[PDB]
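I have placed the structure first, in the form of structure tokens, so that the comments after it can refer back to it.
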Amino acid sequence: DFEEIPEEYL
Amino acid sequence: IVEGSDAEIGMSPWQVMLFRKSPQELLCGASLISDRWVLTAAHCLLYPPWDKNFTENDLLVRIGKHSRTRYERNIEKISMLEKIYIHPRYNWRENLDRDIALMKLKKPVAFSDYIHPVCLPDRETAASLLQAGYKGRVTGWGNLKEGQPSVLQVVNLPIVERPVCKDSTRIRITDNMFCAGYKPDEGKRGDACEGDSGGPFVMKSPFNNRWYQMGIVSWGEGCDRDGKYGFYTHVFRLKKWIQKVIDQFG
Amino acid sequence: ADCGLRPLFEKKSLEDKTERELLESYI
Ligand SMILES: CC[C@@H](N)C(=O)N1CCC[C@H]1C(=O)NCc1ccc(C(=N)N)cc1
Ligand code: NA
Ligand code: NA
């Protein structure tokens, strides 16, 4: 449902 | 938020989204109180009846948001948790008494037009503003009814007298809570709801024209039910704990 | 120190569309 976020934050 | 409206851009720049990393989803609301401290409800993080027990590495803080689901490039800021602090006498076993937790960020966040901390009340602002009939403002990305909004929702709601709060529920109410919401005969309606948890109840002081966070979205029986009211953690009542944490852990 | 003053509203002396409802309840 949510737009994926920049990998740096994961 | 049920029966609220879309927020204006920059209207609640202390609004924080607690975000679960895997699977990627909203966990709760929260609020920015300094460039590295975020305030929320303890039940967002710890609630053993539902097997909820989040660790720092389980979560991210997204600050500056408007859109619920979208990644807001060049506008939101996403921060990692250094440490969670939950009130030591938070009462998850019975009534969610002292439903409050702090989160310390790994790195300070940069303030912007969309990111800015809210104030916490002192005794005098609290005594002056927490009065039955006085309205505050609740914001969040939670359910639209007892469904999910495209953008931040806002609703203004009057504080309710303590006897009316008590008479509206079988749950035991404490001095660390207040309730808010319209009565059935007042016609208007609105309420926080699931997913709004941990978000702020704010009031704009007429003395210095600043926004203060008086409450934290904590619990309610259903959402926007006639004769029921939303219940909020009483931030001023727990400020000693807040200052202690912030003082000992900076 | 600057808490509670929003950049796009109080800092610019702009009001949001419903804050007057709160002011009017502070009786
Ligand atoms: C005691 C009532 C129960 N429905 C509840 O609210 N709980 C069970 C423990 C967690 C908490 C919750 O779900 N909080 C989220 C919530 C629910 C309702 C409202 C409202 N104002 N209607 C706000 C937050
Ligand atoms: Na009762
Ligand atoms: Na109600």
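Points to keep in mind about this one:
- Residue satisfying all of: in the stretch B:151-194; within 14 Å of ligand 3 (Cβ to nearest atom), among the aliphatic types (A, V, I, L, M) and crowded, with 23+ Cβ neighbours inside 10 Å; farthest from B:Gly140 (Cα to Cα) among these: B:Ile159
- Of all residues making up the stretch B:1-11, the number that are more than 8 Å from chain C (Cβ to nearest Cβ) and assigned to a loop (DSSP other than H, G, I, E, B): 4
- Filtered residue count, the stretch B:12-45, keeping only those that are of a type in the set (A, V, I, L, M) and facing chain C (nearest Cβ under 9 Å): 1
- Matching residues in chain C - criterion: being of a type in the set (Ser, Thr, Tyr) and in contact with a strand residue (DSSP E or B) (Cβ under 7 Å, 6 or more places away or on another chain): C:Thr18, C:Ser25
- The criterion of being within 16 Å of ligand 2 (Cβ to nearest atom) and within 14 Å of chain C (Cβ to nearest Cβ) does not hold for B:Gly215.
- Residue among B:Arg172, B:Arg237, B:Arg189 that is within 16 Å of ligand 2 (Cβ to nearest atom) and not in a strand (DSSP E or B): B:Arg172
- Within the stretch B:126-166, considering residues that are of a type in the set (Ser, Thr, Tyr) and closer than 18 Å to B:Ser205 by Cβ, the one farthest from the other protein chains (Cβ to nearest Cβ): B:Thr139
- Lone qualifier among B:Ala127, B:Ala110, B:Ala180, B:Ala192 - being more than 15 Å from ligand 1 (Cβ to nearest atom) and not assigned by CATH to the domain that holds B:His66: B:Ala127
- Against the test of being under 24 Å from B:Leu120 (Cβ atoms) and of a type outside the set (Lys, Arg), the options B:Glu3, B:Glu56 yield a single qualifying residue, B:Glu56.
- Inside the stretch B:224-250, residues that are under 28 Å from B:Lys183 (Cα atoms) and more than 16 Å from ligand 1 (Cβ to nearest atom) make up a count of 3.
- Selection status of B:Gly190, within 14 Å of another protein chain (Cβ to nearest Cβ) and of a type in the set (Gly, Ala, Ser): yes
- Test for B:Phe207: is it away from ligand 2 (no atom under 16 Å from the Cβ), assigned to a loop (DSSP other than H, G, I, E, B) and within 14 Å of chain C (Cβ to nearest Cβ): yes
- Criterion violated by B:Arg89 - all others in (1) closer than 22 Å to B:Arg172 by Cβ; (2) in the same structural domain as B:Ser5 (by CATH) satisfied: (2)
- Once the stretch B:195-223 is narrowed to residues that are within 7 Å of ligand 1 (Cβ to nearest atom) and of a type in the set (D, E, K, R), the residue that is surrounded by the fewest Cβ atoms within 10 Å (Cβ to Cβ) is B:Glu221.
Numbers and lists here come from the model and the stated rules, or from a named source; no laboratory read-out is quoted. Cβ atoms come from the backbone with ideal geometry, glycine included; neighbour counts cover every protein chain shown.
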